[PDB]
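Below is one structure, written out as structure tokens, with a few remarks after it.
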Amino acid sequence: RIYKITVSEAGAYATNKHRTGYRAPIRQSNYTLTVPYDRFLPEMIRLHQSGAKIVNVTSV
Amino acid sequence: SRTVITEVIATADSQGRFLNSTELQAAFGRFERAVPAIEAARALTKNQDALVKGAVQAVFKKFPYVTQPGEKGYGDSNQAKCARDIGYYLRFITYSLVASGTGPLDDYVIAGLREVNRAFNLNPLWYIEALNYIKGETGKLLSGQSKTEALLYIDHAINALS
Amino acid sequence: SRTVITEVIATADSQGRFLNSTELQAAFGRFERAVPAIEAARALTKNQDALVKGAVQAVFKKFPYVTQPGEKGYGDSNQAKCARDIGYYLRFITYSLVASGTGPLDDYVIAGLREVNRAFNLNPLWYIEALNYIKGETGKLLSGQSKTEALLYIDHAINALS
Amino acid sequence: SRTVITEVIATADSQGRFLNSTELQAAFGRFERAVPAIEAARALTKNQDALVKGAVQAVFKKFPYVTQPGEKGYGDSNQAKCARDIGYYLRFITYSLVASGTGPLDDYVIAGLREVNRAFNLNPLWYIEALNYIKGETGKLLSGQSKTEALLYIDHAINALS
Amino acid sequence: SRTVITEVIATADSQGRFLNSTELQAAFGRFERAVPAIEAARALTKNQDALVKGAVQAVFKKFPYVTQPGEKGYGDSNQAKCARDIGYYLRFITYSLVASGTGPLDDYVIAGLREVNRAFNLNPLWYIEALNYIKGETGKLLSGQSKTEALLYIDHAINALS
Amino acid sequence: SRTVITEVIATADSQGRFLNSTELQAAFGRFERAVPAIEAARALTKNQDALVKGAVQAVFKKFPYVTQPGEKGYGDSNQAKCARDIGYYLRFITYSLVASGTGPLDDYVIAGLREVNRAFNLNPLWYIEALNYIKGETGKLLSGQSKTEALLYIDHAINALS
Amino acid sequence: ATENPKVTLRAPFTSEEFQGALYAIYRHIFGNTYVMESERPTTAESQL
Amino acid sequence: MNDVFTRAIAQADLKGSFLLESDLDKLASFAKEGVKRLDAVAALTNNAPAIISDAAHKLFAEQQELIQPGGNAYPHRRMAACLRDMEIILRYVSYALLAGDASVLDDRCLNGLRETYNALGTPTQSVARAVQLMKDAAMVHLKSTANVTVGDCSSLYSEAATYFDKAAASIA
Amino acid sequence: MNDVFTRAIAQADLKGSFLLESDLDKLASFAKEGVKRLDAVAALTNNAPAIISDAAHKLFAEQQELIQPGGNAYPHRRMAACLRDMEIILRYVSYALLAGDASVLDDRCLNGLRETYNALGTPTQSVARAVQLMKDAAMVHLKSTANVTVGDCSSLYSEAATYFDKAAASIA
Amino acid sequence: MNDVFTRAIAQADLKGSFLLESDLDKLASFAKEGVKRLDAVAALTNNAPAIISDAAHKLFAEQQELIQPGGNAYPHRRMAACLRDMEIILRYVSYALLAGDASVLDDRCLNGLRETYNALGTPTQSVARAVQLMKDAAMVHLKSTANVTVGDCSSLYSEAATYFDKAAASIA
Amino acid sequence: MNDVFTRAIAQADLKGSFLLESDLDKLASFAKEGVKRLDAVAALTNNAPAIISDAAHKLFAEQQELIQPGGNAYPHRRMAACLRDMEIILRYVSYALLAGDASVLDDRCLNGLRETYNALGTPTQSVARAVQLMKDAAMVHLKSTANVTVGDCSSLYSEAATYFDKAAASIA
Ligand SMILES: CCC1=C(C)/C(=C/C2=NC(=C\c3[nH]c(/C=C4\NC(=O)[C@H](C)[C@H]4CC)c(C)c3CCC(=O)O)/C(CCC(=O)O)=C2C)NC1=O
Ligand SMILES: CCC1=C(C)/C(=C/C2=NC(=C\c3[nH]c(/C=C4\NC(=O)[C@H](C)[C@H]4CC)c(C)c3CCC(=O)O)/C(CCC(=O)O)=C2C)NC1=O
Ligand SMILES: CCC1=C(C)/C(=C/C2=NC(=C\c3[nH]c(/C=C4\NC(=O)[C@H](C)[C@H]4CC)c(C)c3CCC(=O)O)/C(CCC(=O)O)=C2C)NC1=O
Ligand SMILES: CCC1=C(C)/C(=C/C2=NC(=C\c3[nH]c(/C=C4\NC(=O)[C@H](C)[C@H]4CC)c(C)c3CCC(=O)O)/C(CCC(=O)O)=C2C)NC1=O
Ligand SMILES: CCC1=C(C)/C(=C/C2=NC(=C\c3[nH]c(/C=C4\NC(=O)[C@H](C)[C@H]4CC)c(C)c3CCC(=O)O)/C(CCC(=O)O)=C2C)NC1=O
Ligand SMILES: CCC1=C(C)/C(=C/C2=NC(=C\c3[nH]c(/C=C4\NC(=O)[C@H](C)[C@H]4CC)c(C)c3CCC(=O)O)/C(CCC(=O)O)=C2C)NC1=O
Ligand SMILES: CCC1=C(C)/C(=C/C2=NC(=C\c3[nH]c(/C=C4\NC(=O)[C@H](C)[C@H]4CC)c(C)c3CCC(=O)O)/C(CCC(=O)O)=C2C)NC1=O
Ligand SMILES: CCC1=C(C)/C(=C/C2=NC(=C\c3[nH]c(/C=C4\NC(=O)[C@H](C)[C@H]4CC)c(C)c3CCC(=O)O)/C(CCC(=O)O)=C2C)NC1=O
Ligand SMILES: CCC1=C(C)/C(=C/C2=NC(=C\c3[nH]c(/C=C4\NC(=O)[C@H](C)[C@H]4CC)c(C)c3CCC(=O)O)/C(CCC(=O)O)=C2C)NC1=O
Ligand SMILES: CCC1=C(C)/C(=C/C2=NC(=C\c3[nH]c(/C=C4\NC(=O)[C@H](C)[C@H]4CC)c(C)c3CCC(=O)O)/C(CCC(=O)O)=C2C)NC1=O
């Protein structure tokens with residue numbers, strides 16, 4: 001099954017970008033990621049390590 | 001903020017395992033040396049006003065031209081902002097001492113420092129001289145390993161400015 | 001460098017296509033604006049000595065605190081290096097005018113600018129003042145489109161400094 | 001769409017920088033070339049009907065078998081479709097002339113062209129010959145630089161088809 | 001090429017595993033279908049010259065204009081190239097029948113078909129007509145499952161050409 | 001759930017193409033090999049009770065120590081769990097037989113096997129001996145190709161355990 | 001290293017950015033090897 | 001994704017029991033009819049350009065508004081996207097036909113196609129009409145008695161019609 | 001993106017007929033004042049750091065709650081983000097000035113900037129005031145007749161103020 | 001990747017000629033013995049853990065120096081790598097046996113394996129000995145008469161020995 | 001990748017000198033004839049399919065061994081790659097004619113091309129022949145006096161010939 005994750009980039013991520021920098025272009029904070037079930041755990045834990053805060057995870 | 005306990009947790013989480021003896025050793029090492037860092041923090045927090053004023057005067061002495069009409073030193077609000085800036089630097093030094101990590105300094109001064117200084121045309125050498133005075137004073141305000149803690153943090157800030 | 005012809009060709013290549021109308025019109029604009037640009041380069045090259053010595057003197061006037069012993073500007077070697085640096089900036093500005101793109105300025109001055117200045121503790125405001133003087137003198141040496149071209153490249157360098 | 005100005009702005013935004021000498025020179029080339037291009041668009045808009053009629057008849061002379069019953073060009077509906085398609089091409093050529101960019105032709109004709117013609121079995125050589133006829137009467141209709149602009153846009157269309 | 005045994009081994013290899021029951025069942029179906037497939041390949045190899053000549057004649061009947069002077073089918077060299085091409089398609093259909101897959105067709109005809117046909121202005125509809133004739137005639141020959149095996153590959157070629 | 005048909009569909013979908021000769025022959029082989037696998041499924045479903053009880057007894061014979069107290073085999077609850085587990089294995093092997101694919105086993109037993117056996121301390125040699133028992137029984141309950149199907153799926157399950 | 005720009009494609013984009021981005025993607029990911037038209041993934045770029 | 005055999009296994013596992021003889025003999029009968037299914041799938045595949053061309057020809061006969069300026073199939077780009085979508089839906093219908101269940105069609109072709117078309121401005125009614133015309137052409141090509149042995153496959157015809165109608169109903 | 005020429009072409013294509021003489025005349029006038037437009041864009045570009053610094057100084061003197069600890073721009077990183085946001089807004093405004101179309105500013109930035117500022121906790125009226133101060137600072141440089149030939153550019157000032165106030169109202 | 005069929009086809013295409021009748025009869029043979037080939041491949045697949053275990057026991061009984069400290073199979077990391085390499089080589093041998101051509105082994109498994117092993121420090125002679133031991137173990141299972149109809153499989157035994165020998169010679 | 005201006009600039013930089021008067025004069029001459037250069041680039045770009053078609057036809061008429069089974073352009077794949085190569089070399093020659101410096105060819109078009117051709121087994125002699133044929137076909141369109149003002153464009157013809165020759169010499 002596919003799971004759509006609406007992640008809001010917040011101050012926890014902004015601090016990390018302020019320290020490490022922007023090796024990639026700056027982007028809006030709110031975007032949605034679509035994952036399979038196999039990938040849902042790694043992608044979600046990765047978003048946590050990046051400091052991003054998920055808003056809603058919807059199944060499809 | 002990159003406290004050593006925080007870095008322990010982050011590394012263990014990144015490698016996805018529990019806390020093995022390796023980072024327990026580091027957490028212990030922090031927990032023992034918390035005492036010198038905390039006493040250095042208390043000593044700094046007591047003598048804060050004298051340190052701020054002496055840093056300001058050292059800045060004006062090393063850079064006499066700044067205070068003259070037409071540039072940054074002139075204007076009483078500018079000396080007020082100078083005192084406030086050395087106060088901020090000292091405050092985050094105390095934070096980094098009490099937290100046993102450069103985290104407070106990193107995320108409250110160093111992060112975004114160069115762009116701010118460039119945009120407001122503030123010379124980092126002013127603050128380097130102020131922190132040099134603070135280091136000279138804390139060389140005698142503290143003794144023992146607390147002095148080493150304070151000097152490491154003050155010089156981390158100094159190297160950040162340069 | 002990032003001149004009009006080269007960026008045209010590079011973007012055409014990165015998309016695997018020939019040169020279309022857009023690119024050819026950009027190149028035509030470049031070949032037309034060559035005339036004012038080459039004229040500005042001639043004017044500045046003929047007058048490089050007066051321009052550079054005046055810029056050095058303007059810097060020493062707006063920064064009196066530099067010439068005295070104990071800091072950067074004191075000594076024949078340091079002032080010679082001042083004149084050499086401003087000669088570099090003016091050379092690369094004339095190169096930009098000849099090439100009709102900031103490519104020479106970017107590659108030779110702007111890339112690595114802040115790190116080099118920080119390493120050698122060279123205040124960008126010095127070179128901003130020198131370039132402001134050169135801008136003022138080109139206001140008098142040049143007229144029409146030549147002045148606009150020269151000022152455009154000088155302002156590009158100044159914005160890169162600040 | 002792909003204009004000179006849009007290429008300017010996208011190249012500037014992609015590198016996160018302002019518009020500068022090379023980009024303003026490209027825009028100046030666009031503004032200089034606007035006069036022949038707007039003139040050619042005007043002259044082509046006047047004579048759209050004669051151009052389209054001639055192009056359709058040109059195709060019919062060049063590919064006589066197409067008009068044969070059981071083929072594509074047989075029937076008034078198919079010939080009306082032919083005239084509509086040649087009118088489409090001519091209109092997008094005029095748009096491209098006005099915009100000083102092949103963005104209109106690209107977006108509205110070229111993108112998807114091969115697959116659509118493959119699906120409907122539309123021989124590109126028909127449209128190539130029709131555009132050849134239009135190119136022929138552009139020489140008579142237009143002279144100067146408007147002539148060259150119109151011819152280069154028509155050649156862009158023909159290169160896309162071929 | 002991509003024949004049944006090869007997709008079998010390829011999937012096992014990419015997944016880093018031995019061949020399981022599914023893989024061997026696909027292989028077993030392949031080894032059954034080898035009998036009518038090689039029978040069809042034998043029949044097509046035997047009757048190649050008549051099939052090629054008939055397909056060329058069918059092309060010239062469907063598109064008579066091709067043989068007019070100045071057209072792609074004018075002359076003896078052009079029509080010899082026609083015969084060579086139809087022989088090519090027949091050869092690769094027999095290869096695909098033998099190998100039980102579209103690997104030979106995919107690798108020696110379809111890969112690069114559109115670009116080549118566009119560069120030399122070869123109409124795919126000619127090859128559609130030739131392959132339609134080969135289909136009609138292999139209907140007369142090749143009773144049974146051999147017919148279905150042949151038509152599968154003829155249709156793969158035709159679907160590629162469209 | 002990977003089967004012959006599922007791999008057929010997955011490949012053609014990943015490539016973005018219609019199902020063609022190759023995977024149609026693969027599906028044909030699967031359909032032909034369905035009937036012996038189907039009636040082997042009949043056979044194992046019919047005799048499920050005797051096979052489960054015999055496999056349990058074979059395990060408790062090859063590992064007598066598990067029976068005595070302080071081990072995993074002591075208790076009626078543990079015994080019922082043994083019978084339940086062997087029944088699960090048999091049910092999923094019949095599912096693989098009817099599905100003509102290893103997908104049911106991979107999805108319902110093999111995935112997560114080692115982790116939970118380590119977590120619940122379930123020695124894989126117990127189930128390996130049970131599956132070897134069932135292998136001995138299907139050696140006699142089935143004849144012909146169905147014997148081979150049952151043996152392949154059982155020993156695939158064994159290899160997954162070993 | 002220096003001359004070719006970094007190709008970035010956000011979700012809102014126009015036609016030329018999309019076409020150039022796909023050219024760069026295919027010229028990088030697939031080696032520098034030619035990818036014939038029968039190999040181009042159409043559903044994948046529709047999803048993109 | 002899922003199959004008819006895997007559908008039956010899913011029901012068996014949720015029930016928690018073995019496969020019953022009724023479902024199992026149904027699966028055996030499906031296995032025998034699998035050859036008719038192979039002919040149906042090959043009939044769909046060998047004629048995909050013809051089905052698509054006929055469907056699009058009559059679709060743009062009925063609805064001029066799509067191909068006039070301002071239509072949703074107007075520029076070559078949108079027309080190409082249209083024909084690509086026709087190709088995609090037919091391909092997934094053939095997959096569903098071969099599998100025996102309409103699982104793959106929904107799970108891959110039709111998860112979010114409706115709101116995609118809504119956001120893009122594509123009239124879902126015309127898409128469903130195109131899928132219906134595709135069903136008509138595909139049924140024409142499935143009935144062919146030439147080049148295949150004669151028999152009854154009305155089960156296949158019904159199942160394929162249901163797949164086409166399910167895709168069209170998911171569109172709009 | 002979209003330009004004024006591109007906008008006119010789009011409108012003509014929606015009705016599917018050639019650009020009218022009035023449209024061609026307006027676009028010819030636009031190309032005639034293109035030189036003045038280039039000067040205005042160069043004026044915005046060549047003094048962009050000065051514009052940012054003046055706007056920031058006036059804003060922070062106006063609103064000290066951002067400077068003081070606990071404010072939305074207190075630490076160095078939040079100050080740097082403040083300056084970077086002002087800079088990027090100015091850059092997009094100059095893009096709109098050069099193109100003559102507000103699409104380059106409206107498309108990528110202003111649509112999601114609302115949600116971004118709401119999520120981060122920034123005071124939106126503060127950012128709108130920052131953009132207004134940027135406009136006020138930039139008008140002086142746009143007016144500066146030194147080094148350019150004396151002429152009238154009231155249309156350019158009106159359009160630039162339009163872009164500035166539009167971005168400020170969007171973020172507001 | 002090539003099998004016997006694609007190899008014959010490539011050879012014929014090199015001279016631009018159809019497949020001769022001799023080649024067709026050879027391929028029809030290969031297809032007819034395809035079922036015996038499938039049983040050989042299944043024997044290799046299903047008995048793989050036993051093959052590798054027996055090979056490992058023999059090899060590390062002959063060659064103690066591998067499993068001593070300082071040997072190339074000493075820690076669990078290196079011993080796991082040893083067993084992994086053995087299973088991978090056996091896997092590719094079975095792939096080649098099903099294919100009837102040895103090209104998959106040469107292209108994938110043995111492409112630069114000798115240089116890899118020389119680089120890592122592995123005794124390629126010991127790897128070749130392990131492959132020979134795996135061949136000896138595999139022939140036992142290949143010759144298993146149980147669970148299969150009796151028949152002649154001498155050619156398949158020779159072919160499997162040929163692929164094992166190819167692997168052993170290429171490695172060392 | 002340089003143009004003539006950047007090449008002059010690089011030499012002047014190495015000397016540490018401003019550009020001499022004569023250098024500026026040669027550069028003003030180059031830019032003053034830039035219109036003819038743009039016309040020649042347009043002639044190369046606009047007729048590129050014709051150039052490649054004619055070169056290809058002549059090359060495969062001369063060298064039939066390329067298109068015989070076993071030749072280097074035999075199947076469709078190799079022929080398509082060959083035509084792409086001609087397309088690419090013509091593209092880069094047009095880039096060099098626009099810039100006026102042949103640095104783009106050796107930096108990009110001919111960077112590792114000879115090694116590529118050697119490793120693939122491509123006959124470099126036939127590639128150089130193809131480039132010469134393209135040069136001949138291109139000269140026809142460069143001298144085409146229709147639609148352009150009559151003038152002396154011999155420097156452009158010689159420069160383009162040298163670019164084609166530099167290619168065909170770097171491959172060969
Ligand atoms: C918590 C982290 C933090 C720091 C460190 C900080 C420093 C700081 N001081 C400032 C003002 C200033 N700061 C100075 C400092 C000078 N005064 C002179 O007496 C000395 C030579 C010299 C000090 C050694 C001056 C002259 C100004 C006014 C000019 C300006 O920057 O706008 C500004 C510009 C905006 C403002 O007024 O706040 C910053 C960012 N702000 C922060 O939020
Ligand atoms: C905006 C850009 C655009 C173009 C250019 C365009 C061309 C175009 N012409 C078409 C039909 C057609 N067009 C022709 C034209 C032929 N008639 C013969 O007399 C001539 C030899 C020849 C023209 C030179 C014909 C015969 C058809 C019918 C094809 C069919 O029924 O399948 C179609 C198929 C859909 C339809 O119109 O019903 C397209 C897409 N469509 C576009 O959206
Ligand atoms: C920087 C610009 C650039 C160039 C120049 C370039 C050349 C180039 N040509 C190639 C292949 C080729 N090139 C040719 C062309 C030759 N064979 C014919 O006989 C002709 C005589 C002759 C051409 C006139 C052929 C046939 C191949 C395919 C080789 C093969 O498939 O074995 C390849 C290998 C790509 C692949 O097959 O995946 C490259 C990289 N690539 C680039 O990115
Ligand atoms: C996962 C499988 C998959 C599906 C199902 C798929 C369909 C699909 N069609 C699309 C667009 C489209 N689809 C159509 C076709 C419709 N409009 C016409 O009027 C017809 C009536 C009708 C077709 C019969 C058109 C014209 C567009 C372009 C919309 C636009 O860009 O404005 C899009 C949006 C992206 C794009 O513009 O290409 C998707 C995702 N893509 C996939 O990867
Ligand atoms: C390689 C892919 C492949 C194909 C193409 C294939 C066709 C195929 N069709 C068959 C029979 C059949 N095929 C059909 C289906 C047809 N009957 C018509 O009325 C319908 C229009 C149509 C359904 C779409 C029927 C009804 C049979 C008879 C079943 C029997 O033989 O008992 C058979 C078995 C008997 C034989 O033909 O020798 C095969 C192998 N099998 C394959 O593995
Ligand atoms: C498309 C172009 C684009 C824009 C416009 C954009 C705005 C933007 N501003 C941000 C944060 C911010 N933005 C501001 C600026 C505002 N806050 C107030 O203090 C000021 C008065 C005012 C400036 C005028 C500040 C202070 C932050 C830091 C918030 C935080 O770190 O918690 C962020 C979060 C990322 C980060 O902090 O690293 C984004 C994405 N991003 C983009 O990609
Ligand atoms: C290298 C990049 C580049 C720049 C910078 C450029 C600017 C430029 N400004 C010009 C004059 C001008 N510039 C302006 C604009 C000014 N007039 C008022 O003082 C305003 C305050 C101010 C606008 C902000 C005007 C009105 C003209 C005269 C145009 C006319 O009415 O004919 C001209 C025409 C000079 C002539 O041929 O006589 C150019 C080409 N062109 C370029 O290719
Ligand atoms: C699911 C995967 C799958 C398998 C495993 C499979 C095996 C398979 N083995 C077969 C017979 C056979 N198998 C063998 C091989 C044996 N001869 C010697 O005893 C050797 C020890 C041994 C080789 C390992 C032989 C000789 C036959 C009889 C075929 C003949 O005599 O022509 C047959 C033909 C029908 C039969 O006689 O039962 C099949 C289908 N088919 C499949 O679809
Ligand atoms: C192995 C796969 C393969 C194929 C299929 C293939 C086809 C092929 N045919 C060609 C020439 C040709 N082929 C034809 C075929 C036409 N003759 C007419 O009588 C008919 C209407 C029609 C055939 C039905 C023609 C006219 C040419 C000459 C085209 C030209 O000279 O430009 C060419 C161009 C190079 C040459 O051979 O001279 C190719 C690539 N080449 C391959 O390597
Ligand atoms: C949109 C891109 C663009 C192009 C392509 C372009 C071409 C262009 N060709 C021109 C005339 C010319 N074009 C040529 C070149 C031709 N003479 C023939 O004999 C040769 C076959 C051939 C090359 C030697 C010459 C010699 C002139 C006149 C001399 C000159 O303008 O300096 C001119 C000058 C107008 C004039 O003074 O009459 C331009 C600007 N301009 C553009 O903005």
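Residues in the structure tokens are numbered from 1 in each chain, the chains being A, B, ... in the order shown, and ligands are numbered from 1 in the order shown.
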
Test item: chain D residues at most 12 Å from chain E, counting only C-alpha atoms, as a VMD selection string = chain D and resid 62 to 66 68 70 to 71 114 to 125 159 to 162

Residues within 8 Å of ligand 2 should be enumerated using only C-alpha atoms and all ligand atoms and returned as a ChimeraX atom specification.
-> /D:56,59-60,63,66-67,72-74,78-86,88-89,108-109,113,116-117,119-123,126-127,130 /H:53,57,60-61,64,67-69,73-79

Could you please select, counting only C-alpha atoms, the residues of chain G within 12 Å of chain D and state them as a PyMOL selection string?
-> chain G and resi 4-10+13-20+37+42

Save the residues we just selected, N, CA and C atoms, as a PDB file, in the first residue's frame?
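Here's the written file again_24.pdb:
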```pdb
ATOM      1  N   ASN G   4      28.795  23.270 -16.912  1.00  0.00           N
ATOM      2  CA  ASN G   4      27.411  22.828 -16.937  1.00  0.00           C
ATOM      3  C   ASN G   4      26.721  23.209 -15.637  1.00  0.00           C
ATOM      4  N   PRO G   5      25.551  23.832 -15.692  1.00  0.00           N
ATOM      5  CA  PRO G   5      24.849  24.192 -14.463  1.00  0.00           C
ATOM      6  C   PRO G   5      24.167  22.989 -13.842  1.00  0.00           C
ATOM      7  N   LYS G   6      23.851  23.126 -12.562  1.00  0.00           N
ATOM      8  CA  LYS G   6      23.101  22.096 -11.864  1.00  0.00           C
ATOM      9  C   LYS G   6      21.642  22.185 -12.267  1.00  0.00           C
ATOM     10  N   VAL G   7      21.112  21.097 -12.808  1.00  0.00           N
ATOM     11  CA  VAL G   7      19.743  21.060 -13.293  1.00  0.00           C
ATOM     12  C   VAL G   7      18.832  20.728 -12.122  1.00  0.00           C
ATOM     13  N   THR G   8      17.923  21.640 -11.811  1.00  0.00           N
ATOM     14  CA  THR G   8      16.957  21.478 -10.739  1.00  0.00           C
ATOM     15  C   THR G   8      15.555  21.570 -11.316  1.00  0.00           C
ATOM     16  N   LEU G   9      14.671  20.690 -10.861  1.00  0.00           N
ATOM     17  CA  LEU G   9      13.299  20.662 -11.337  1.00  0.00           C
ATOM     18  C   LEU G   9      12.375  20.507 -10.142  1.00  0.00           C
ATOM     19  N   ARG G  10      11.611  21.550  -9.851  1.00  0.00           N
ATOM     20  CA  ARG G  10      10.619  21.534  -8.792  1.00  0.00           C
ATOM     21  C   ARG G  10       9.319  21.033  -9.421  1.00  0.00           C
ATOM     22  N   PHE G  13       6.645  23.521 -13.258  1.00  0.00           N
ATOM     23  CA  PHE G  13       7.688  23.847 -14.220  1.00  0.00           C
ATOM     24  C   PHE G  13       7.065  23.943 -15.597  1.00  0.00           C
ATOM     25  N   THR G  14       7.769  24.617 -16.493  1.00  0.00           N
ATOM     26  CA  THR G  14       7.299  24.759 -17.857  1.00  0.00           C
ATOM     27  C   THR G  14       7.954  23.716 -18.752  1.00  0.00           C
ATOM     28  N   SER G  15       7.654  23.805 -20.046  1.00  0.00           N
ATOM     29  CA  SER G  15       8.005  22.725 -20.960  1.00  0.00           C
ATOM     30  C   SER G  15       9.505  22.648 -21.197  1.00  0.00           C
ATOM     31  N   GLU G  16      10.159  23.793 -21.393  1.00  0.00           N
ATOM     32  CA  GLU G  16      11.575  23.766 -21.738  1.00  0.00           C
ATOM     33  C   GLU G  16      12.421  23.292 -20.566  1.00  0.00           C
ATOM     34  N   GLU G  17      12.068  23.701 -19.347  1.00  0.00           N
ATOM     35  CA  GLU G  17      12.779  23.209 -18.175  1.00  0.00           C
ATOM     36  C   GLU G  17      12.648  21.704 -18.064  1.00  0.00           C
ATOM     37  N   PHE G  18      11.447  21.187 -18.303  1.00  0.00           N
ATOM     38  CA  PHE G  18      11.220  19.753 -18.244  1.00  0.00           C
ATOM     39  C   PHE G  18      12.050  19.019 -19.294  1.00  0.00           C
ATOM     40  N   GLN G  19      12.025  19.494 -20.538  1.00  0.00           N
ATOM     41  CA  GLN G  19      12.758  18.806 -21.597  1.00  0.00           C
ATOM     42  C   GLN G  19      14.261  18.836 -21.356  1.00  0.00           C
ATOM     43  N   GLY G  20      14.796  19.983 -20.942  1.00  0.00           N
ATOM     44  CA  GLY G  20      16.216  20.053 -20.648  1.00  0.00           C
ATOM     45  C   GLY G  20      16.607  19.221 -19.445  1.00  0.00           C
ATOM     46  N   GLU G  37      14.956   5.685 -28.865  1.00  0.00           N
ATOM     47  CA  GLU G  37      13.602   6.142 -28.565  1.00  0.00           C
ATOM     48  C   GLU G  37      12.728   5.009 -28.060  1.00  0.00           C
ATOM     49  N   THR G  42       8.110   6.583 -20.814  1.00  0.00           N
ATOM     50  CA  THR G  42       7.078   7.604 -20.938  1.00  0.00           C
ATOM     51  C   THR G  42       6.194   7.706 -19.703  1.00  0.00           C
TER      52      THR G  42
END
```

Check every protein, DNA and RNA residue against ligand 10, keep those with an atom at most 8 Å away (counting only C-alpha atoms and all ligand atoms), and present them as a ChimeraX atom specification.
-> /C:21-25,27-29 /D:29,33,144-145,148-149,152 /K:32-42,141-146,148-157

Could you list, as a PyMOL selection string, all the residues within 7 Å of ligand 4, counting only C-alpha atoms and all ligand atoms?
-> (chain G and resi 43-44+46-47) or (chain H and resi 66+72-73+78-79+81-83+85-86+88-89+108-110+113+116-117+120-123+126-127+130)

When you draw a straight line from CA of residue 46 in chain J to CA of residue 146 in chain F, how long is it in Å?
-> 16.6 Å

First superpose chain I onto chain K using a least-squares fit over all Cα atoms taken in order; then report the RMSD in Å.
->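 After superposition, the RMSD is 0.5 Å.
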
Who sits within 12 Å of range 46-49 of chain F, only C-alpha atoms, same chain under 6 positions skipped, as a PyMOL selection string | (chain F and resi 39-40+55-56+83-84+86-94+134+137-138+140-142) or (chain H and resi 17-21)

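Closest to chain D among H:112, H:52, H:167, H:137 is H:52, based on only C-alpha atoms.
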
Of the residues E:95, E:133, E:31, E:18, which is the one nearest to ligand 5, using only C-alpha atoms and all ligand atoms?
-> E:31

Within 6 Å of chain F: residues of chain H, using only C-alpha atoms, as a PyMOL selection string | chain H and resi 5+18+31+45+91

Could you please tell me, as a ChimeraX atom specification, which residues of chain A have an atom within 12 Å of chain D when using only C-alpha atoms?
-> /A:22,24-26

Which of chain E counts as alpha helix (DSSP H) under DSSP, as a PyMOL selection string please?
-> chain E and resi 4-14+21-46+48-62+76-99+103-105+113-119+124-140+145-161

When you get a sec, could you note down which chain I residues fall within 10 Å of chain G, using only C-alpha atoms, as an mmCIF file with C-alpha atoms, in the first residue's frame?
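Produced file out_8.cif, reproduced below:
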```
data_model
loop_
_atom_site.group_PDB
_atom_site.id
_atom_site.type_symbol
_atom_site.label_atom_id
_atom_site.label_comp_id
_atom_site.auth_asym_id
_atom_site.auth_seq_id
_atom_site.Cartn_x
_atom_site.Cartn_y
_atom_site.Cartn_z
ATOM 1 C CA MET I 1 7.873 31.558 -16.926
ATOM 2 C CA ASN I 2 5.498 34.049 -18.539
ATOM 3 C CA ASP I 107 4.409 31.318 -9.362
ATOM 4 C CA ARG I 108 7.125 29.721 -7.237
#
```
